[PDB]
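Only one chain comes next, encoded as structure tokens, the form deposited in one PDB entry.
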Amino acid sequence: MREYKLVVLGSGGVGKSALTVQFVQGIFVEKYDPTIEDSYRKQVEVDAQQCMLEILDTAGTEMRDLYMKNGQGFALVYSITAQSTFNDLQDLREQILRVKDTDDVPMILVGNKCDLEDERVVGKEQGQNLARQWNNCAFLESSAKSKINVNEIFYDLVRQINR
């Protein structure tokens, strides 16, 4: 069983912990409790093999260079509800490429809170546009609350690490 070091990055309140906890524990985290640094472990099956995922759930309110050095795959999460969180991701993408010293880094752009259509600020096509800008990066809109595209975030990173 191969181990996969995944890192969930993004600004405060976007749902990094909620996505990670839904994926790992099958629980929706309702209360907002700002993360300092949490790590989770989860065995899953991807492409006919058992994989042990070690998922680092990072602080969004604000060790980062180390996370990027060690990490094999990165989920860059914003909330479709908050423009600033979408804006903040460009610098994180650039930081990862710098630390890795390559464009060839497993990555996925995640527009979370897609159950909140009434509060949407960042259009889906703006998310798609950013992903294309990023060398045709993987992109999903997700909901930790509705269990929409939650597993798919982490499975896609595993597949990317495997190529």
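What we label the rigid core is the largest C-alpha set whose atoms superpose within 1.5 Å from one form to the other. All residue numbers are counted from 1 along the displayed sequence.
For the cut-off of one third of the other compared entries, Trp134 qualifies: that many or more give it no coordinates while modelling its flanks. In the comparison with other entries of the same protein, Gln49 is left without coordinates in at least one third of those covering both sides of it. Going from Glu62 to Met63, the model skips 4 to 9 deposited residues, which lack coordinates. The question of which stretch, 90 to 98 or 35 to 43, has the higher mean Cα B factor is settled in favour of 90 to 98. The PDB entry reports B-factors from which the mean C-alpha value can be compared for 136 to 144 and 7 to 15; the larger average falls on 136 to 144. In the deposited coordinates, the residue among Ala131, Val110, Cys51, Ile55 with the greatest CA B-factor is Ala131. Remark: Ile161 belongs to the middle third of its chain, ranked by C-alpha B-factor as recorded.
Keep in mind that the form deposited in another entry is not shown, yet the notes after this line are about it.
Annotation: Cα of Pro34 displaced by at least 2 Å between the shown form and the other one, core superposition. The Cα shift for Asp103 between the shown form and the other one, taken after rigid core superposition, is 2 angstroms or larger. Relative to this form, the distance between the C-alpha atoms of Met107 and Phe28 is increased by at least 3 angstroms in that other deposited form. Between the C-alpha atoms of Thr35 and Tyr78, a gap widened by no less than 3 Å is obtained in that other deposited form, as opposed to the form on display.
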